[PDB]
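Asker: Let me give you the structure first, and then I'll get to my questions.
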Amino acid sequence: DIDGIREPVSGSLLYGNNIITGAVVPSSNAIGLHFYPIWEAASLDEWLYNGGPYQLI
Amino acid sequence: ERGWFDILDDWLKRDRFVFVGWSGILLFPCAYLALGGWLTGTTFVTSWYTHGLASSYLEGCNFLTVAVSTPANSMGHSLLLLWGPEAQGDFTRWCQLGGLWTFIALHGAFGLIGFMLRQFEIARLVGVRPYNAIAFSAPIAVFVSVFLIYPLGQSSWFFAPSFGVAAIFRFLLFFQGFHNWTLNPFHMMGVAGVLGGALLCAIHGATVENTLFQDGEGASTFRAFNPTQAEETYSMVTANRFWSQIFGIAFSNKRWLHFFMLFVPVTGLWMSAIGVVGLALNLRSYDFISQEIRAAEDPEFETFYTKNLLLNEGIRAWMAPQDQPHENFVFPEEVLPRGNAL
Amino acid sequence: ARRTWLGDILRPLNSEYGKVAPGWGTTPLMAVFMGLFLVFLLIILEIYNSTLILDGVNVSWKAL
Amino acid sequence: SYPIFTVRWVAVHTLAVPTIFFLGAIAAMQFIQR
Amino acid sequence: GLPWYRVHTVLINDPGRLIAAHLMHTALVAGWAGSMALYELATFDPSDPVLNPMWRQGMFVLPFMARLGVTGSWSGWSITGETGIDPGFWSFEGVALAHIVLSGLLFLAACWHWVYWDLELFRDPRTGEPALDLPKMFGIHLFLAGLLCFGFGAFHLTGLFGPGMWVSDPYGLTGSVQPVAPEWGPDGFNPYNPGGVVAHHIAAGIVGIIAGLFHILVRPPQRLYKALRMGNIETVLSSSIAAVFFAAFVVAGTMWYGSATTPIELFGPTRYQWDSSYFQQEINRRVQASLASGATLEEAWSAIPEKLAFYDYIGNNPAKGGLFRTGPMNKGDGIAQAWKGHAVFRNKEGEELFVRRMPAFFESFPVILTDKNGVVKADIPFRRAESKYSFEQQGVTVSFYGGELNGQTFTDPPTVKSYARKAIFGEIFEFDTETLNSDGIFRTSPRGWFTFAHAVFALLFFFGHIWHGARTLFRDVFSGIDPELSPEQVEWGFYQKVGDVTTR
Amino acid sequence: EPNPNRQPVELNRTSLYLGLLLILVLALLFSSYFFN
Amino acid sequence: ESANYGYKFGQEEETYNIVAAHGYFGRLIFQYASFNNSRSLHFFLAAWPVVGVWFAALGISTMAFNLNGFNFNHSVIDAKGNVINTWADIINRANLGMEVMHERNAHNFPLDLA
Amino acid sequence: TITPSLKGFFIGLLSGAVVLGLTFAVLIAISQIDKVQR
Amino acid sequence: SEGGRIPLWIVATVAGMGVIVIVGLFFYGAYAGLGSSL
Amino acid sequence: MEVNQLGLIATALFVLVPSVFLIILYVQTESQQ
Amino acid sequence: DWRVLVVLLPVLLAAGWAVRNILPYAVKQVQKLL
Amino acid sequence: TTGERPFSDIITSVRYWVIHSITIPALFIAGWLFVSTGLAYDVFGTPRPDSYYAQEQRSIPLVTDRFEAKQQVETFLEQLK
Amino acid sequence: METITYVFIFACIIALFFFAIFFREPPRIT
Ligand code: CLA
Ligand code: CLA
Ligand code: CLA
Ligand code: CLA
Ligand code: CLA
Ligand SMILES: CCCCCCCCCCCCCCCC(=O)OC[C@H](COP(=O)(O)OC[C@@H](O)CO)OC(=O)CCCCCCCCCCCCCCC
Ligand SMILES: CC1=C(/C=C/C(C)=C/C=C/C(C)=C/C=C/C=C(C)/C=C/C=C(C)/C=C/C2=C(C)CCCC2(C)C)C(C)(C)CCC1
Ligand SMILES: CC1=C(/C=C/C(C)=C/C=C/C(C)=C/C=C/C=C(C)/C=C/C=C(C)/C=C/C2=C(C)CCCC2(C)C)C(C)(C)CCC1
Ligand SMILES: CCCCCCCS[C@@H]1O[C@H](CO)[C@@H](O)[C@H](O)[C@H]1O
Ligand code: OEX
Ligand SMILES: [Ca+2]
Ligand SMILES: [Cl-]
Ligand SMILES: [Cl-]
Ligand SMILES: [Fe+2]
Ligand SMILES: [Mg+2]
């Protein structure tokens, strides 16, 4: 959910992307500039929905 | 056999401040006319009758917004010769009809031919290999494909790039909105060639400058070089170790290094040229069909590819009526694609 | 090398390697034909381009 | 000693002369009012 | 050893094996022509030259056979719709077969010339070294080409002894292979006069014969020989490549703009016919003619041939495809089945409205309806909340005349809007999208692909010309510059004339 | 008789690496468009 | 053979003639536009793209604080006050397309202020 | 018939010939005057 | 007459100042009259 | 995803034919004395 | 058109003046090369 | 060196400046006049600020025919009263 | 299938990095 409007954008190959369209998607607009490490999430599923991998990377 | 041809040859190849050569006969007038044409046009000539645009200093444009604009779409691919059936020898009308655009593009084409011929000619006189000319084939491919072939594939010269800073920016944005040119693997190869070339330029220059031998006492290291010296001025061995250890691999062969510096940007430009030749026919890399099938059926499926298409659709609808005045597009507000609020 | 019947027949056709006419030879003549050719090309180009428009020459599918 | 009128002289002036003329023109344009 | 990119240079001083390599190349190309023809014949549907002609089916070599008079299959059909025809041996299959057999023969000949490379013929009589007299070879080959050119024009194209060529009416309705008389006046240089093609091959043929004799009999001037390095076969490579990219640009252009040698029934319509509404104008002219003769609207439009209507549709525009949208046009919008008839849109006041047609530039286009004066009268709104011109507000209806929907009128907004959406593409057709599993996305025609391939190859061959010309003129420094290059030869003023040591 | 024009061909290891990198990267680039 | 074999890694002597390259390039343009000094040449090769890309980076970094590109939208006006379009205005039309379509569901208020 | 554009064609042709002709006339004249020493 | 009399630094300075004047004039022109948006 | 199935073989050959070319050239280079 | 002579007159007085100053050296150069 | 007088030699000579302190301002003034007399407008066919539109018109005088383009422009220019 | 293809090509490239770095032709000073 890059823009924080509960409209998830698919970035990975397994979820329908090729090399050209694929991406690691920026963390959610609801997060803004907040620091969002894995341990700030209630679960990995949450962390992934909100685009945590982007910040880690 | 010292006839007039050989005497003329003598004179043309004199060692003067500006070398002329046989090639100069083609090069200097055409280059001068293309340049002078652009300066004249951008200073004094309008695009009112062809585009509905002011485009000259005289009209109040600045360096970023002046242009020599393409002719009206109704001119087709007319050569727009001054003595041609459209201008009929009238300089003023010719200017108003966009004759300067073909003037500049054509004298420019032959000027480029002249410059490459000059590279060959001087190479041959001095005794070096003609790799500079060969490398110059890439700018010529770019020019020819973008300014000649591309509009020749389209309806008219109108859709060629106009000769101006902002005019070219428009050309870029147009290619995104209509051609999805960023998606084109040929453009992508061009980008790799250009950024990779800039990269090589920087890394080679920097490497040389930071592996210099101390061949002098001064803190300014520039003085410690003599053009006729036999020795290398920097350490290839140290350079090689540094890069092997920093980055894993390194050049070890200087000739290959400099050949590679020729090869990368030249090849990139040639690839981009091929892509534009495709766009001449609207043979675009516009879509991924699998993406469209999935997205058409599945309204929760979204990628950066579909997002970008929405952007292109915006570009087309919002810029087409003013950018293509001859089409007389009347797009009522209600048909304009817009997201919420904006 | 190896001789053949066909090879012996053709031998004269490949026997004047490097033979030239002195000096400029027929170059002026050549230059004249090249000039003519350039004008010819110019003509068919400008006809195709509708820069040159001739009576009875309608550059269109509606020619026939 | 040196010649005055050379290929370089010509090359310099074919660029220089119009350049000054144009700079005058553009300078004048700065005072045009709509 | 040789770098990988130089492996073929072993042929430069080996005329026999050069000939073998050329033979092998020729065998490969003939083999490709044969195989390609067979594949096309295996996939071609001859059953509807009206709505499923060859250019809809991705046929590339079929039109080139058809162009010069091969129009029939041994199986009894012809591309013009006749059945029960006997094409003789020179059917499509016959041509393909002939090319395959030629390929085999050339292959065998290539082996022979590879093995028996050391023929006396290839040695200079005086020196015993390999040598080709390129000036005389050029004369010989140019003479042959002149003969062939002349014979092609005088016998084949005229039908004097041969079939002629594909000719058609200006709207590509009634095309067939016909004998063509040469046009000897200025209209011979009109690209749309086929008579000009004939005249060209006769005249250029004769000129080629004369010039051939000349190049056989008259040696090169010493100065041109030196200047062009005529003793070096690579000079011939350089200039031949130049001639070839010249030719390639020309055929790309005539394929894209159209000419007598690129008929729309063989390669499809041009983009410019859509740009200028070329077919729409003829359609309207015919309909107006019928109305003027007292016919009803339905009669006027029903009299329009489906073939004509089908030309007036943007899905046949070669500028509507994509680089990676592969295959025949049928794979996109489908296999055309029938003209639905001409859609006439009216608003509640009974004004006729006209859909704004899609320009070739646009992947997508809004649906906008104007009156005859160009005033916007209806549209399909994006934002509904301040819509003023919706079909629902304006009471837009569509009536069809001619085609399968002749006499019908639809009034429900969704249907009317469907038809308006189709109407931006021009005339509306029923398509079979199931058979090929068509995806609904436009593909370009063989005109498009031919043009693309050849512009690209022309452009790359320019580089070939530059490379080999450079190699020819700079052979002496190919491996590097003189180790003993005197600094004063390259420094300024030392010589009066650059690179001329006699001018110090 | 043996042809005197025959030459040995070479491809060094660095050229193999460069070439392989070229082919694999080109494939990585074009594959999306081939699958489309 | 490949010309590359003419250079051997670690050899002390230069593998090309900079004087010949200079003679050539100097004649291509004019003598004083060509580098005879390899150090100053290679410095130039380093400096140009590095400085350029520094400016590119600074562009992104300062537009990060919304000091944006030149705006000449409706800069040219005729005697009556009619807007005379320039290429800047066409650019603006394209920009408007991008602006109104991007993140189509994310804005509730009329100005996109970040 | 001489169309206006055919006339225009001949004018362009003659213009070119005059330009090239003057150029080479001047070039040959200068080349003859200012010879190289050998 | 004889080359070298007027010191090159003075020439450079005067030239530079001329350039500054003319470009200054153009930037002034961005805010006045045509192209000023007013 | 409804990709074009020929993509697979198109990619495979695209990788394999030239790679193999290089490999042949390289190995016979190494086996030369 | 008076504006044509009005615009050309400065350039003509310029060319004429430079000719005034440079004529003896120019004749010296033409004499020397001949 | 290629024989021509060094530029530093020339541009610091008094004679150079005697000549060019005249020829340069003269050219500048000629360009200035070329605009200020309005001659540039007429030469290149560029609209003056009051000549882009007729008083009430807001439509562009766009050229729409190839061979009648000249006549079209002349007509547009006539229509400016 | 596409995914497998993409990832495979990618994996080959990483392998190539490995060999190009650790099993390179040693540069040898002469
Ligand atoms: C010197 C190199 C050079 C070259 C290669 C070009 C090339 C061009 N010029 Mg440029 N030009 C030049 C110098 C050059 N110019 C100079 C010095 C000037 C200032 C005078 C100009 C001023 C100029 C203008 C104002 C225009 C051009 C235009 C053109 C284009 C069309 C030219 C054409 O059709 O000529 C055709 C003529 C020839 C090719 C001459 C060939 C001569 C043959 C070989 C000999 C036979 C002639 C025969 C004896 C004559 C018989 C006449 C009889 C039938 C009555 C072409 C790109 C036009 C353009 O760009 O429109 C877009 C245009 O309007 N040029
Ligand atoms: C006597 C009667 C006669 C007649 C009726 C014809 C008729 C014709 N000739 Mg033939 N010809 C004749 C005698 C005749 N010829 C003789 C005696 C010779 C000498 C052997 C020729 C040599 C000749 C040549 C070389 C060509 C013709 C062509 C033609 C065709 C011209 C129409 C066309 O489509 O042009 C289309 C082609 C052009 C208008 C030429 C384009 C020139 C290009 C623009 C030059 C620049 C190319 C440039 C490098 C491209 C890159 C730039 C670009 C990418 C932007 C027409 C069929 C042309 C043709 O075959 O067309 C298919 C052609 O190229 N003729
Ligand atoms: C032996 C006789 C022969 C005959 C009768 C045919 C007949 C045919 N061939 Mg086949 N072909 C042959 C040999 C032959 N071929 C050989 C030896 C090869 C291997 C090179 C081929 C490879 C081949 C391919 C790849 C294709 C064909 C195709 C065809 C069909 C279309 C021909 C066409 O459009 O040409 C067009 C040819 C030209 C336009 C040639 C013009 C040559 C240029 C203009 C000459 C310029 C240089 C010249 C020297 C200039 C000097 C001229 C002078 C007079 C001034 C037709 C059935 C097409 C087909 O339909 O396949 C099924 C096709 O795609 N052929
Ligand atoms: C002149 C060349 C040419 C042209 C114009 C055509 C045209 C056509 N072919 Mg034919 N064909 C050809 C040669 C050609 N063919 C050859 C040589 C073969 C044998 C392989 C075939 C075998 C063939 C088959 C089996 C089929 C066709 C079909 C078709 C039709 C559909 C084309 C399509 O979808 O392309 C798609 C085009 C692309 C996807 C573009 C590819 C671009 C490449 C990948 C660029 C490569 C990049 C490169 C690696 C970069 C290097 C960089 C490096 C140098 C640094 C079309 C009419 C189809 C048809 O409809 O038949 C009825 C069909 O099934 N063709
Ligand atoms: C008539 C056409 C023609 C012919 C006969 C030649 C012949 C030659 N070229 Mg030239 N060249 C040409 C056109 C031609 N070239 C074109 C159009 C270009 C621009 C792309 C070049 C650019 C070029 C360069 C840069 C070089 C040569 C070199 C050579 C020489 C060695 C070639 C070799 O060993 O490759 C061996 C090639 C391989 C082992 C594999 C190549 C695979 C290619 C890249 C892709 C596959 C293509 C496919 C099989 C067929 C597609 C055909 C297409 C036309 C449809 C040989 C004399 C070399 C040379 O001068 O040596 C001293 C050299 O360095 N050529
Ligand atoms: C002093 C101005 C600094 C400007 C920014 C930095 C430029 C130099 C750094 C480039 C980095 C490249 C990578 C290392 C490259 C590298 O190794 O450099 C090496 C090169 C030579 O080094 P030396 O040791 O001989 O000299 C540096 C010190 O040791 C002092 O002697 O250094 C220089 O030439 C410094 C020049 C300073 C003066 C430069 C002025 C440039 C400004 C010109 C105006 C530009 C304005 C553009 C506006 C559009
Ligand atoms: C077109 C034409 C022609 C031609 C003309 C000409 C040839 C012209 C020229 C012209 C010219 C030749 C002009 C010039 C101009 C210039 C200018 C206008 C300049 C400006 C500059 C400036 C402004 C500067 C700036 C700067 C920079 C850039 C950087 C550094 C800093 C500074 C600031 C200094 C003829 C007649 C043949 C024919 C018709 C058409
Ligand atoms: C021996 C013999 C025989 C047989 C023969 C045969 C059987 C043949 C076949 C042949 C063939 C069957 C051939 C084929 C060929 C083919 C080819 C040669 C192809 C090529 C292709 C290409 C080259 C392509 C390329 C590409 C691609 C792939 C992609 C896209 C791009 C391009 C297009 C580039 C007979 C009995 C007759 C008799 C005598 C003996
Ligand atoms: C609700 C739809 C009623 C009107 C029918 C749609 C316009 S026409 C329709 O268009 C399809 C392409 O989308 C074709 O595949 C099909 O053959 C054709 O019937
Ligand atoms: O997030 Mn991504 O993009 Ca920077 O503006 Mn606001 O926010 Mn969104 O809208 Mn526009
Ligand atoms: Ca006012
Ligand atoms: Cl977005
Ligand atoms: Cl908001
Ligand atoms: Fe270097
Ligand atoms: Mg102002």
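Ordered as shown in the structure tokens, chains take letters A, B, and onward, while each chain numbers its residues from 1 and ligands are numbered from 1 in the order shown.
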Write out as a PyMOL selection string all residues of stretch 41-220 of chain B that backbone DSSP assigns to alpha helix (DSSP H).

Answerer: chain B and resi 41-44+48-51+91-96+99-126+131-144+150-153+165-174+185-209

Asker: Using only C-alpha atoms and all ligand atoms, what does the table of chain E residues within 6 Å of ligand 2 look like, with each row giving the shortest atom pair and its distance in Å to one decimal, sorted by chain and ascending number, as a Markdown table?

Answerer:
| residue | atom | partner | partner_atom_place_in_ligand_line | distance |
| --- | --- | --- | --- | --- |
| E:184 | CA | ligand 2 | 5 (C) | 5.8 |
| E:188 | CA | ligand 2 | 5 (C) | 3.6 |
| E:189 | CA | ligand 2 | 7 (C) | 4.6 |
| E:190 | CA | ligand 2 | 32 (C) | 5.6 |
| E:191 | CA | ligand 2 | 34 (O) | 4.1 |
| E:196 | CA | ligand 2 | 5 (C) | 4.1 |
| E:197 | CA | ligand 2 | 57 (C) | 4.1 |
| E:199 | CA | ligand 2 | 5 (C) | 4.8 |
| E:200 | CA | ligand 2 | 15 (N) | 3.5 |
| E:203 | CA | ligand 2 | 17 (C) | 4.7 |
| E:204 | CA | ligand 2 | 16 (C) | 3.9 |
| E:207 | CA | ligand 2 | 17 (C) | 5.6 |
| E:246 | CA | ligand 2 | 49 (C) | 5.3 |
| E:249 | CA | ligand 2 | 50 (C) | 5.6 |
| E:250 | CA | ligand 2 | 37 (C) | 5.6 |

Asker: Export N, CA, C and O atoms of the chosen residues as a PDB file, in the first residue's frame?

Answerer:
ATOM      1  N   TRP E 184       6.104   6.051 -71.354  1.00  0.00           N
ATOM      2  CA  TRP E 184       7.330   6.709 -71.807  1.00  0.00           C
ATOM      3  C   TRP E 184       7.341   8.216 -71.583  1.00  0.00           C
ATOM      4  O   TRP E 184       8.371   8.859 -71.781  1.00  0.00           O
ATOM      5  N   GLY E 188       5.651   8.466 -66.279  1.00  0.00           N
ATOM      6  CA  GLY E 188       6.425   7.271 -66.031  1.00  0.00           C
ATOM      7  C   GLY E 188       7.188   7.417 -64.726  1.00  0.00           C
ATOM      8  O   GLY E 188       7.538   6.425 -64.095  1.00  0.00           O
ATOM      9  N   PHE E 189       7.424   8.653 -64.298  1.00  0.00           N
ATOM     10  CA  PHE E 189       8.173   8.858 -63.067  1.00  0.00           C
ATOM     11  C   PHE E 189       7.264   9.062 -61.863  1.00  0.00           C
ATOM     12  O   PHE E 189       7.729   9.274 -60.743  1.00  0.00           O
ATOM     13  N   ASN E 190       5.964   8.976 -62.113  1.00  0.00           N
ATOM     14  CA  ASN E 190       4.962   8.911 -61.058  1.00  0.00           C
ATOM     15  C   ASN E 190       5.033   7.549 -60.377  1.00  0.00           C
ATOM     16  O   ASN E 190       4.841   6.529 -61.021  1.00  0.00           O
ATOM     17  N   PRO E 191       5.299   7.532 -59.068  1.00  0.00           N
ATOM     18  CA  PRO E 191       5.428   6.259 -58.345  1.00  0.00           C
ATOM     19  C   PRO E 191       4.151   5.396 -58.378  1.00  0.00           C
ATOM     20  O   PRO E 191       4.221   4.208 -58.039  1.00  0.00           O
ATOM     21  N   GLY E 196       5.303   3.100 -65.576  1.00  0.00           N
ATOM     22  CA  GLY E 196       6.606   3.627 -65.226  1.00  0.00           C
ATOM     23  C   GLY E 196       7.584   2.564 -64.753  1.00  0.00           C
ATOM     24  O   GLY E 196       8.756   2.637 -65.063  1.00  0.00           O
ATOM     25  N   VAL E 197       7.112   1.591 -63.982  1.00  0.00           N
ATOM     26  CA  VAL E 197       7.955   0.480 -63.559  1.00  0.00           C
ATOM     27  C   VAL E 197       8.461  -0.289 -64.776  1.00  0.00           C
ATOM     28  O   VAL E 197       9.668  -0.646 -64.894  1.00  0.00           O
ATOM     29  N   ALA E 199       8.655   0.795 -67.969  1.00  0.00           N
ATOM     30  CA  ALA E 199       9.544   1.660 -68.737  1.00  0.00           C
ATOM     31  C   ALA E 199      10.912   1.750 -68.087  1.00  0.00           C
ATOM     32  O   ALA E 199      11.941   1.680 -68.769  1.00  0.00           O
ATOM     33  N   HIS E 200      10.915   1.881 -66.765  1.00  0.00           N
ATOM     34  CA  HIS E 200      12.146   1.919 -66.004  1.00  0.00           C
ATOM     35  C   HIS E 200      12.973   0.691 -66.278  1.00  0.00           C
ATOM     36  O   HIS E 200      14.164   0.803 -66.493  1.00  0.00           O
ATOM     37  N   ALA E 203      14.448   0.797 -69.931  1.00  0.00           N
ATOM     38  CA  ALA E 203      15.453   1.840 -70.144  1.00  0.00           C
ATOM     39  C   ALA E 203      16.709   1.646 -69.297  1.00  0.00           C
ATOM     40  O   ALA E 203      17.840   1.695 -69.800  1.00  0.00           O
ATOM     41  N   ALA E 204      16.512   1.446 -68.006  1.00  0.00           N
ATOM     42  CA  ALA E 204      17.628   1.170 -67.113  1.00  0.00           C
ATOM     43  C   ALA E 204      18.342  -0.102 -67.537  1.00  0.00           C
ATOM     44  O   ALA E 204      19.541  -0.206 -67.370  1.00  0.00           O
ATOM     45  N   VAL E 207      20.548   0.868 -70.536  1.00  0.00           N
ATOM     46  CA  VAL E 207      21.652   1.646 -70.001  1.00  0.00           C
ATOM     47  C   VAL E 207      22.656   0.737 -69.302  1.00  0.00           C
ATOM     48  O   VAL E 207      23.864   0.891 -69.469  1.00  0.00           O
ATOM     49  N   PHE E 246      21.204   2.321 -49.639  1.00  0.00           N
ATOM     50  CA  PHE E 246      20.453   3.234 -50.492  1.00  0.00           C
ATOM     51  C   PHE E 246      19.123   2.566 -50.934  1.00  0.00           C
ATOM     52  O   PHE E 246      17.996   3.066 -50.668  1.00  0.00           O
ATOM     53  N   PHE E 249      16.601   1.919 -48.060  1.00  0.00           N
ATOM     54  CA  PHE E 249      15.841   3.090 -47.659  1.00  0.00           C
ATOM     55  C   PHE E 249      14.749   3.356 -48.669  1.00  0.00           C
ATOM     56  O   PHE E 249      13.603   3.637 -48.288  1.00  0.00           O
ATOM     57  N   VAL E 250      15.088   3.234 -49.956  1.00  0.00           N
ATOM     58  CA  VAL E 250      14.061   3.431 -50.973  1.00  0.00           C
ATOM     59  C   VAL E 250      12.890   2.436 -50.845  1.00  0.00           C
ATOM     60  O   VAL E 250      11.717   2.839 -50.901  1.00  0.00           O
TER      61      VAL E 250
END

Asker: At a cut-off of 6 Å around ligand 4, and using only C-alpha atoms and all ligand atoms, what residues come up? Please write them as a PyMOL selection string.

Answerer: chain E and resi 40+57-60+323-324+326-328+446+449-450+453

Asker: Find the residues near ligand 12. Use a cut-off of 9 Å, count only C-alpha atoms and all ligand atoms, and write them as a VMD selection string.

Answerer: (chain B and resid 304 307 to 308 310 to 311) or (chain G and resid 98 to 99 101 to 104)

Asker: With a distance threshold of 6 Å and counting only C-alpha atoms, extract the residues of chain G near chain E and express them as a list in words.

Answerer: residues 1, 3, 20 and 23 of chain G

Asker: Could the residues in this selection be written to a file with C-alpha atoms, as an mmCIF file, in the first residue's frame?

Answerer:
data_model
loop_
_atom_site.group_PDB
_atom_site.id
_atom_site.type_symbol
_atom_site.label_atom_id
_atom_site.label_comp_id
_atom_site.auth_asym_id
_atom_site.auth_seq_id
_atom_site.Cartn_x
_atom_site.Cartn_y
_atom_site.Cartn_z
ATOM 1 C CA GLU G 1 45.580 -10.433 -34.230
ATOM 2 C CA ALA G 3 45.501 -4.763 -31.519
ATOM 3 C CA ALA G 20 49.557 12.158 -33.086
ATOM 4 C CA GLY G 23 47.801 16.657 -34.143
#

Asker: Could you list the protein, DNA and RNA residues that have any atom within 6 Å of ligand 1, counting only C-alpha atoms and all ligand atoms, and write them as JSON, numbers by chain?

Answerer: {"B": [26, 29, 30, 79, 80, 81, 82, 99, 102, 103, 106, 107], "C": [35], "H": [10, 12, 13, 14, 16, 17]}

Asker: Write the selection just made, keeping N, CA and C atoms, as a short mmCIF file (atom, residue, chain, number, x, y, z; two decimals), in the first residue's frame?

Answerer:
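So selection21.cif came out as:
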data_model
loop_
_atom_site.label_atom_id
_atom_site.label_comp_id
_atom_site.auth_asym_id
_atom_site.auth_seq_id
_atom_site.Cartn_x
_atom_site.Cartn_y
_atom_site.Cartn_z
N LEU B 26 31.94 21.17 -48.27
CA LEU B 26 30.63 20.74 -47.85
C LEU B 26 30.33 21.23 -46.43
N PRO B 29 30.01 25.71 -45.31
CA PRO B 29 28.76 26.40 -45.61
C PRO B 29 27.54 25.75 -44.94
N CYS B 30 27.45 24.43 -44.93
CA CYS B 30 26.28 23.78 -44.35
C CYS B 30 26.20 23.95 -42.83
N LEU B 79 9.83 19.40 -48.81
CA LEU B 79 11.18 19.87 -48.60
C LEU B 79 11.15 21.33 -48.17
N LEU B 80 10.09 22.03 -48.56
CA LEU B 80 9.89 23.42 -48.23
C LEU B 80 11.08 24.25 -48.71
N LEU B 81 11.47 24.00 -49.95
CA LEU B 81 12.46 24.80 -50.63
C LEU B 81 11.94 26.21 -50.74
N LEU B 82 12.84 27.19 -50.63
CA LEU B 82 12.44 28.59 -50.72
C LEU B 82 11.76 28.86 -52.06
N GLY B 99 9.83 27.05 -43.24
CA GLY B 99 10.91 26.70 -44.16
C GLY B 99 12.28 26.62 -43.50
N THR B 102 13.21 22.95 -42.26
CA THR B 102 13.82 22.03 -43.22
C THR B 102 15.19 22.57 -43.64
N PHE B 103 15.32 23.88 -43.76
CA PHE B 103 16.60 24.51 -44.04
C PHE B 103 17.68 24.03 -43.06
N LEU B 106 18.22 20.07 -43.06
CA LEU B 106 18.88 19.54 -44.23
C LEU B 106 20.33 20.00 -44.31
N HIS B 107 20.56 21.30 -44.13
CA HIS B 107 21.93 21.79 -44.10
C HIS B 107 22.67 21.16 -42.94
N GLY C 35 26.68 14.04 -62.53
CA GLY C 35 25.89 15.25 -62.44
C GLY C 35 24.49 15.04 -62.98
N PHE H 10 14.05 24.78 -62.09
CA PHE H 10 15.16 25.29 -62.87
C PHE H 10 15.89 26.42 -62.16
N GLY H 12 16.15 26.81 -58.82
CA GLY H 12 16.96 26.20 -57.78
C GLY H 12 18.22 25.58 -58.36
N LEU H 13 18.05 24.94 -59.51
CA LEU H 13 19.13 24.28 -60.21
C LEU H 13 20.22 25.30 -60.57
N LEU H 14 19.80 26.38 -61.21
CA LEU H 14 20.73 27.40 -61.67
C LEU H 14 21.39 28.11 -60.49
N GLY H 16 22.04 26.78 -57.55
CA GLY H 16 23.05 25.86 -57.07
C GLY H 16 24.29 25.89 -57.94
N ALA H 17 24.10 25.76 -59.25
CA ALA H 17 25.22 25.82 -60.18
C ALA H 17 26.03 27.11 -59.99
#

Asker: Can I get the residues close to ligand 5 as a CSV table (one decimal) with C-alpha atoms, in the first residue's frame, where close means within 8 Å and we count only C-alpha atoms and all ligand atoms?

Answerer:
chain,number,residue,atom,x,y,z
E,4,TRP,CA,36.0,-14.1,-33.3
E,5,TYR,CA,34.8,-11.1,-35.2
E,6,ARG,CA,37.5,-11.6,-38.0
E,7,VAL,CA,37.0,-15.3,-38.7
E,8,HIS,CA,35.7,-14.6,-42.2
E,9,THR,CA,38.7,-12.6,-43.3
E,11,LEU,CA,38.3,-15.5,-47.5
E,12,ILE,CA,39.8,-12.2,-48.6
E,234,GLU,CA,37.1,-4.6,-49.6
E,237,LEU,CA,32.4,-4.4,-50.2
E,240,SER,CA,28.2,-2.3,-52.5
E,241,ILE,CA,27.0,-1.9,-48.9
E,457,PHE,CA,18.7,-2.7,-41.8
E,460,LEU,CA,22.8,-0.6,-39.7
E,461,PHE,CA,24.3,-1.1,-43.2
E,462,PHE,CA,25.2,2.6,-43.2
E,463,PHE,CA,27.6,1.7,-40.4
E,464,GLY,CA,28.8,-1.3,-42.4
E,465,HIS,CA,29.7,1.1,-45.2
E,467,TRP,CA,33.5,0.5,-41.3
E,468,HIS,CA,34.5,-1.1,-44.5
E,471,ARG,CA,39.2,-0.3,-43.7
